[PDB]
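J.:
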Amino acid sequence: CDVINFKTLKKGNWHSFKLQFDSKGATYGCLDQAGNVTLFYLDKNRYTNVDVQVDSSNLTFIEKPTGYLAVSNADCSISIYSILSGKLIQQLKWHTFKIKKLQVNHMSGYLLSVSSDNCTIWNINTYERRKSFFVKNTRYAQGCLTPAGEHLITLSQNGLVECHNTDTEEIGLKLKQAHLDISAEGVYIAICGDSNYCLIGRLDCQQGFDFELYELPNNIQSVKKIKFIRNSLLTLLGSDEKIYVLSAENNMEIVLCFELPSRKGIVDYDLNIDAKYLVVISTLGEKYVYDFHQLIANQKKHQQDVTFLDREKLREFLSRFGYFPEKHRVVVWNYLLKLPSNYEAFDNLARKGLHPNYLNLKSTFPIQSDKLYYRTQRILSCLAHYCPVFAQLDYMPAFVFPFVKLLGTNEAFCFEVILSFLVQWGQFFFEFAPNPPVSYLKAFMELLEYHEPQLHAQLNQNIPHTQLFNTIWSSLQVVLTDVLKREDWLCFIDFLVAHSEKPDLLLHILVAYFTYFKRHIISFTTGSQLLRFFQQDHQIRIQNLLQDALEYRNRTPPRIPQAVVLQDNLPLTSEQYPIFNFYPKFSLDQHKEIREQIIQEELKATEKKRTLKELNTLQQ
Amino acid sequence: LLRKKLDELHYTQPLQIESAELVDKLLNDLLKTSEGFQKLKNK
Amino acid sequence: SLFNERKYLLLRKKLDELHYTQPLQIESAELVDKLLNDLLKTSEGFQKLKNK
Amino acid sequence: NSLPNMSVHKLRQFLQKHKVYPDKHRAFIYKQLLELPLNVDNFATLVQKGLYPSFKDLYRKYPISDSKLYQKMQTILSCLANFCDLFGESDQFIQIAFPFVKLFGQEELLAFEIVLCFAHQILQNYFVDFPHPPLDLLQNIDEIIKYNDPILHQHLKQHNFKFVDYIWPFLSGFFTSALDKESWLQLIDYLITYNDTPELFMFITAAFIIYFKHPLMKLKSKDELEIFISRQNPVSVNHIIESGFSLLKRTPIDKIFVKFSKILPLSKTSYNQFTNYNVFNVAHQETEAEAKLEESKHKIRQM
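Those sequence lines, one after another, are chains 7, y, q and AE. According to the deposited numbering, the stretch in the first sequence is residues 30 to 197, 204 to 342, 428 to 740, in order. Going by the deposited numbering, the second sequence opens with residue 13, and the numbers climb by one from there. Going by the deposited numbering, the third sequence opens with residue 4, and the numbers climb by one from there. According to the deposited numbering, the stretch in the fourth sequence is residues 414 to 697, 704 to 722, in order.
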C-alpha cells in the first residue's frame, strides 16, 4: 500500500475523489472536488503536481504521450488538455447535456461521448465527428464501446438495451444511475447501478441485448463504480464503500475485498493498465496504491481457512513604421492587451494612505528624481496593495521603473498593463517568493535550451545554475530596458504587445538575446560577467531578432513541460481586478530531506544530554 | 459465519477473525433479547 | 477526526459494563456498537409488547 | 447640542450627495440620524462596575498604544461587556466597539451608545450561533444575491463554495474587516438612515458580491477566494452604498429569509439587551499576566 496525498503534493483545494489511469501506464490523473483535474506522469517521475483548470466530470485518457486528455467539462465541452506541457490544445466544444460516458477505444482510436440525446463518435486525431447516434427520446442512460473492435452499446433511460455495430432487448431496470463496464476482450458486458445487481450480458451477445441479474452478495446494495480487471475479474465498489473483486467463470467467487482499515471507506477506484496495481481512493480523498495481484493472493489464501486598431495591422505597422508614438500608447496597448480600463479598481488602490514597503526606493535604486521615484512609488504601492507578495520580492521597482518612464503617461494604464505583465506574461515570477523564481524560471532555461541547446548546455557547464537563474532573472526583473537598450528595446515590447495573444514570448524574447550572441556567451563562467555583457552596447538589430523569435515560437509541438506553461490571462476583469495565484509553497525535496536528518540528530543528542540532567532535579 | 446473520440483520460493519469471541454473544442477543417477541407479535 | 477513537473507547467501556467482553481488535467495534445500539432498543421494544 | 431643528429628512438625501460629515463635528449629525436615547443613569452604572478578562484586543490579539484609545477603550469594552456578555466575548461584537473608540471614543458615551443602537438595529442577527458567526445572515445574503443575478451562485455553487467563504468579509466576520478606515469611513453614517431596512447593510453585503461577480466568476478554488478576503480591499464603497440602496428598493421583503424587526431602541428609562446571545455558551480571554510574570520572577529567584 503506497499512499498519495496531494494536499502536500501541491497544496490546493483537493479532496481528490475520482481516479483514472492510462493505457501506456505512465499517465495518471484524478478529478478533484472543484472539477479540477490533476494529472500525473511517470518517465521523468517527478512529482508533477500540476493541474488542469476544468470543471469536469470525466477524464478520458488519450494515447498521446503528452496526453492532452479528453476532459468532459461542466459546460459539456470536451477539453483536450494536459499538464505535462499544460496547453489546452483543443477545446472540443460540441456536446450539450452532461457527458456521462467518455471513453476511447485506443485500439484504433475512437472517442465515444455519451449525452442523453446523442452518442457520438469522435476521431481522436482531429476530434471530428464521424457518427452521431441522435435518437429521439432515448435519453441514453449510458453507453460504451466494445474494445474488441467495435461496437457501441447503449442503454436507454427506461432500461432498454440496444447495440450498434460501428459499421451501421433489456435489463429492464429503470435505473437512475447506471454504469457500463465492458471487458477488455469484448466478451462481457457488466452493468450495475442503483439496483443490487451484477448485470451480465455477453458481447458475445448470446443473450442479444438481455442481461442476467445476479444479485450482488453479502452487503452489496448497489454500486458506485464498476470496472473489469486484469483478465475476467470484475471489480465493484459497493455502495457499502467496499471493493469486491468477482470472478466471471464462477459468477461471484469474490477473490478480494480490501479496504485497509475499512473505517476509511472507498469513494472510487481505477486500475492501472498494468493490472498489478490498483489504486483506490478514500472518501477523504487519499489514494491507496496496492499491488493488486498481491492483494488477491493475500486475502484469498488467508481467508481460505477462515470460517488604427487590429492586431494584424498593428503587428505590421509596428514592424514597418517601427514602434509607434507615445500619444497613442493608450490605444495601441489597450487594444492589444485587452485592457478593461478599470479605472474604479485602479483608483481604489491609489488612495489609502502611507505605504511602508516603498518609502525608501532611492536606497536600492538611487535615481535622483523626486518626481519619478514618486510615480514609481505610486505604481508600486498600487501593485503591493493589489497583491502584497509584490513587495516581497521588493525587487519589483526593477521593472516597474521602465513603465513608470514610458507608460507613466497614464498611471492607471501602467498598473493594468503591469498586471497583464504579471498576470499573463510573468506567470512563474512569484513562485519562489521572496527569492528568485527559479523552478519556475526553469521554464526560461528550458527555453534557452530550446532556442540553442549548445548555449544552454554550456551555460550550465560554466555557470553553475543558481547564479544563472539570478543572471537571467535580473534581465527578467526589468526586462531588457536596463539591458540591451535604454530606449531602443522597445521594439520588443511593442512586439510582445502585438503578440499579446502569445504569452510565451516574454521568455522567447529574452531567450532570443541569448540566441543572438551564441559563441559570444559560451566563454563566460559567471553571471557577474554575463549579466553585464548583455548590458553592453552590442549592435543588436532587435527587430530582426524579435521576429526571428516569433518564428521560433512556432517551431515545436506544445509537448514541453516548461515548468509554468503560460496561458491567456491577458484580459483583466472590470469593476475590480481579477485574482491570481501569485504564490510559492512548492518542493525542492533535497534540502528538507537534509534538514529532517539534521533535526533528528540534534534532538537525539539533546535528549541524551537532558537525560543526564538527572543530576539537576537531584539538587531541587 | 457470524457474518451471515449480521448481513441479514444488516449490521453492515467490518469483520475480524477474533470477531466470534464477542459476536457469538452479542449477535445472539439480536435474535433474541426477549425472543418471545417473535411470538409477542403474534400475541 | 479523533471523534471516533473517543467513541471506540466509550463503546468498549459501556459494552463491557453489561459484561460483553471484547477480546477483539477495535476495527469492527462499530459492528459491535451497532449491534449494542440496536440491541438495547430491541430489548426495549420487545419488553414493551409484553407490557401491552 | 439638543436643538434638532434640521430634519433628518434633509439629511437622508444629503447622505447621497454631501456624503456624511466633517469628522470633527459629526457627533451632532450622526447621533441625530441613529437615535441615541441618552439620559443620566445607566452609563454611570456601567462605568462604575467593570472590565476585564475577556479583553483579547488589549495585549493578545491587538495592542492599543494611544491612551485616548487604550485607557479609554477600556471604558467602552467594560460597559458593553458588562452590559451584555455578548460583547465581552464575541469577536464580531468586539469589532464594532473597537473602531468606535478609534473613530469616536472621545465621544466615549457616544461610541458606546452608538454601539448599542447598532446592536439593536443592525446586529440583531449577528450573533445567532456561537462561538461561531451568524449563519442566518449568511443565508439571507445568499438569498438576496441569487435574486440579484443568480448566475453567480450557479457557478459559485458548482465549484463547491459555501456561505462564509464568499459572504463573511463584511458580514459575518463583522462589517468593517474588509474596508479600511477611510473606505468605510463612517459607513455606519452612510447607512444610518437605512437601518430601517432588512438592514440595508444586507444588500450592501450582497453588493460586496454581485458587484464582484466579474472576479468571483473566476473562482474555482477556495485559495483564490481566500485572497478576496485577507486583502480586505475598500472596493468602492460609494457605489456599493448606492447599489445596495437600489437593491433594497427593488427587493421586496418577500424575497428576504431573515426577518428583522423594527427596533428603535429608545427609552429614557431603559437600555435594551441584545437578546440573541446564546447565554448557555458564553461568559467563561483571561489575560493571566502572571502567566509570564512568574517566569520573570522565577528567573529573578534564580538571580
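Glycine residues also receive a C-beta, built at the ideal position from the N, C-alpha and C atoms.
Among the residues of its own chain, which have a CB less than 8 Å from the CB of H533 (chain AE), if the five just before and after it don't count?
T.: If we look at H533 (chain AE) and ignore the five residues flanking it on each side, its Cβ neighbours are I676, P678, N685, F687.
J.: Provide the residue(s) that pair with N194 (chain 7) in DSSP beta bridges, ordered along the chain.
T.: Beta-bridge pairing links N194 (chain 7) to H180 (chain 7).
J.: For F549 (chain 7) and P704 (chain 7), which I take to be in contact (beta-carbon distance under 8 Å), what is that distance rounded to the nearest angstrom?
T.: Not a contact, Cβ separation roughly 11 Å.
J.: Give a yes or no on whether 8 Å exceeds the smallest Cβ distance from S46 (chain q) to chain y.
T.: Yes - at least one Cβ of chain y is within 8 Å of the one on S46 (chain q).
J.: Straight-line CA distance for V460 (chain AE) to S478 (chain AE)?
T.: Their backbone Cα atoms lie some 22 Å apart in a straight line.
J.: Assuming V509 (chain 7) and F702 (chain 7) form a contact by the criterion Cβ under 8 Å, report the distance between their Cβ atoms to the nearest whole angstrom.
T.: Their Cβ separation, rounded to whole angstroms, is 5 Å, which keeps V509 (chain 7) and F702 (chain 7) in contact under 8 Å.
J.: Which residues in the same chain have their Cβ closer than 8 Å to the Cβ of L482 (chain AE), if we skip the five residues on either side of it in sequence?
T.: The residues are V514, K515, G518.
J.: Quick one: list the residues of chain y neighbouring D275 (chain 7), beta-carbon separation under 9 Å, in chain order.
T.: The contacting residues are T24.
J.: Would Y672 (chain 7) and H571 (chain 7) qualify as a contact pair, given that the criterion is a beta-carbon distance under 8 Å?
T.: Closer than 8 Å, so yes.
J.: Quick check on the DSSP output: the beta strand (DSSP E) that includes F50 (chain 7) runs from which residue to which?
T.: That run of the beta strand (DSSP E) goes 47-50.
J.: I255 (chain 7) and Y279 (chain 7) - do their beta-carbons sit closer together than 8 Å?
T.: In contact: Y279 (chain 7) and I255 (chain 7) (Cβ atoms closer than 8 Å).
J.: Quick check on DSSP: helix, strand or coil for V617 (chain 7)?
T.: In this structure, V617 (chain 7) counts as helix in the three-state DSSP scheme.
J.: Whole angstroms are fine: how far does the CA of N573 (chain AE) sit from the CA of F644 (chain 7)?
T.: Those two C-alpha atoms are separated by around 53 Å.
J.: Which residues mark the beginning and the end of the beta strand (DSSP E) in which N307 (chain 7) is found?
T.: That residue, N307 (chain 7), is in no beta strand (DSSP E); it is neither H nor E in DSSP.
J.: Within 8 Å of any Cβ in chain 7, is that where the Cβ of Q571 (chain AE) sits?
T.: With 8 Å as the cut-off, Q571 (chain AE) counts as an interface residue toward chain 7.
J.: Note down the Cα distance separating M516 (chain 7) from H627 (chain AE), rounded to an integer number of angstroms.
T.: Cα to Cα, the separation comes out at about 27 Å.
J.: At the 8 Å Cβ level, is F6 (chain q) part of the contact set with chain y, yes or no?
T.: It does not: the Cβ of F6 (chain q) has no partner Cβ on chain y nearer than 8 Å.
J.: So the beta strand (DSSP E) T149 (chain 7) belongs to, where does it begin and stop?
T.: That run of the beta strand (DSSP E) goes 147-152.
J.: Taking the alpha-carbon positions, what's the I583 (chain 7) to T646 (chain 7) distance?
T.: Each residue's Cα considered, the two are about 5 Å apart.
J.: Go through its chain and collect everything with a Cβ distance to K668 (chain AE)'s Cβ below 6 Å, but skip five positions before and after it.
T.: Excluding residues within five positions, the ones whose Cβ falls inside 6 Å are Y560.
J.: Which of helix, strand or coil does DSSP assign to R730 (chain 7)?
T.: Helix.
J.: Could you name the residues of the same chain whose beta carbon sits closer than 6 Å to that of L665 (chain 7), not counting the 5 residues immediately before and after it, in chain order?
T.: Excluding positions up to five away in sequence, the list reads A632, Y636.
J.: Looking at the unbroken alpha helix (DSSP H) that takes in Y494 (chain 7), where does it start and where does it end?
T.: Per DSSP, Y494 (chain 7) belongs to the alpha helix (DSSP H) from 492-506.
J.: Identify which residue in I301 (chain 7), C240 (chain 7), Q241 (chain 7) has its Cα closest to the Cα of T270 (chain 7).
T.: Nearest C-alpha to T270 (chain 7): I301 (chain 7).
J.: Going by DSSP, what residue range makes up the alpha helix (DSSP H) through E502 (chain AE)?
T.: Start and end: 498-502.
J.: Tell me the DSSP bridge mates of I226 (chain 7)?
T.: According to DSSP, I226 (chain 7) bridges with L215 (chain 7), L234 (chain 7).
J.: Can you name, in chain order, every residue of its own chain whose Cβ lies under 6 Å from the Cβ of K211 (chain 7), other than the five neighbours on each side?
T.: Excluding sequence neighbours, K211 (chain 7) sits near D229.
J.: Return the residues of the region 552-568 of chain AE that lie within a Cβ-Cβ distance of less than 8 Å from chain 7, sorted by chain order.
T.: Answer in chain order: no residues at all.
J.: Reducing DSSP to helix, strand and coil, say where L13 (chain q) ends up.
T.: Note: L13 (chain q) maps to helix in three-state DSSP.
J.: Report the CB separation of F519 (chain 7) from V452 (chain 7) in whole angstroms; it is logged as a contact under 8 Å.
T.: Not really, about 20 Å apart at Cβ, beyond 8 Å.
J.: Judging by CA-CA distance, which residue of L27 (chain y), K44 (chain y), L52 (chain y) is the nearest neighbour of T342 (chain 7)?
T.: Nearest of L27 (chain y), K44 (chain y), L52 (chain y) to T342 (chain 7), Cα basis: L27 (chain y).
J.: Hey, is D36 (chain y)'s beta-carbon within less than 8 Å of any beta-carbon in chain q?
T.: It does not: the Cβ of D36 (chain y) has no partner Cβ on chain q nearer than 8 Å.
J.: Which residues, in chain order, does the region 649-677 of chain AE contribute to contact with chain 7 at a C-beta distance below 9 Å?
T.: Answer set for the region 649-677 of chain AE: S649, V650, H652.
J.: Just to confirm, is the Cβ distance from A710 (chain AE) to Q645 (chain AE) under 8 Å?
T.: Going by C-beta atoms, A710 (chain AE) is not nearer than 8 Å to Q645 (chain AE).
J.: Quick one: Cα of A99 (chain 7) to Cα of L174 (chain 7), how far?
T.: Cα to Cα, the separation comes out at about 16 Å.
J.: Quick one: what's got a C-beta closer than 8 Å to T606 (chain AE)'s C-beta in the same chain, skipping five residues either side?
T.: The answer, listed in chain order, is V421, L424, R425, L428, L446.
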